[PDB]
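Trainee: got an experimental structure here, sequence first:
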Amino acid sequence: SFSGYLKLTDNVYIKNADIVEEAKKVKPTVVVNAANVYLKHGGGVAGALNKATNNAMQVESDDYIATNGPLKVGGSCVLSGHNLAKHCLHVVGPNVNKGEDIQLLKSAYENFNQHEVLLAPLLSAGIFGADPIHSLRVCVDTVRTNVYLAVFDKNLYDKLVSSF
Ligand SMILES: CC(C)[C@@H]1C(=O)NCCN1c1ncnc2[nH]ccc12
């Protein structure tokens, strides 16, 4: 049920789209959130996904952290997708604005391999401060399962395609 995507490789696809609007249209098995280790969904992809769930994602997330403690940078957890998807895979890419090791970006993308198909953003890009061209290259060289990437900014989408 994904439509309008450009094929990059055997298993990676890309579209200029808001991931929240794509999740509402497709209702995929798995939507990836660009999480932080505290699961505090304030802005960027995480803030937008949480707003679309009417804050239910944040309430579930706070219970998960109260039980388990914070995630690791490079780690993930599977929670409910609420009204957007069956599941949300909360994945923590390194935040370069906080001095986190960019080598952890490959570890972050390895979490995608546990799921046959995912709707996802570019990890560590946007407000996380990493180069999106680098994030797309790590994605293509790490993920083996079928990934549908939604890139919100049209100018960035065009650059990602034309430099691929
Ligand atoms: C992570 C970035 C590459 C990307 C981008 O193009 N500009 C910044 C935000 N972002 C998103 N990309 C997809 N869906 C989104 N919904 C909310 C934010 C967002």
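Mentor: Everything's here; your move. Numbering: from 1, shown residues only.

Trainee: tell me the bridge partners for the nearest residue to residue 79 once chain neighbours are set aside.
Mentor: Take residue 79 and drop its neighbours on the chain: the residue closest to it by C-beta to C-beta, 6 or more residues apart in numbering is residue 88, 5.2 Å away. C-beta: built from backbone N, CA, C; applies to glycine. For residue 88, the beta-bridge partners under DSSP bridges are residue 31, residue 79.

Trainee: quick one: residues contacting residue 6.
Mentor: 13, 14, 15, 161 (C-beta atoms under 8 Å, 6 or more residues apart in numbering).

Trainee: the ligand: which of these is nearest?
Mentor: residue 15 (9.5 Å; C-beta to the nearest ligand atom).

Trainee: what packs against the helix or strand containing that closest one?
Mentor: Per DSSP states H and E, residue 15 falls inside strand 12-16. The contact analysis (3 or more C-beta pairs under 8 Å, 6 or more residues apart in numbering; DSSP states H and E) places strand 12-16 against strand 6-7, helix 132-142, strand 146-151, helix 154-162.

Trainee: the longest helix anywhere in the chain and the ligand, any residue contact?
Mentor: The residue-count maximum for a helix in the chain (DSSP state H) belongs to helix 56-68. No. Contact of helix 56-68 with the ligand (C-beta under 6 Å from any ligand atom) is absent, the minimum separation being 13.5 Å.

Trainee: pull the residues that contact that helix.
Mentor: 33, 38-41, 49-50, 77, 79-80, 82, 88, 90.

Trainee: one more pass at 6 Å, please.
Mentor: 39, 41, 50, 79, 80, 82 (C-beta atoms under 6 Å, 6 or more residues apart in numbering).

Trainee: check the gap between the residue nearest to residue 79 and residue 60 for me.
Mentor: As judged by C-beta to C-beta, to the nearest Å, residue 88 and residue 60 stand 9 Å apart.

Trainee: neighbour count winner among these two?
Mentor: residue 88 (26 against 17; other C-beta atoms under 10 Å).

Trainee: show me which of the contacts of residue 6 is closest to residue 118.
Mentor: Taking C-beta to C-beta as the measure, residue 118 sits nearest to residue 13 out of the contacts of residue 6, at 10.6 Å.

Trainee: great, nothing more from me.
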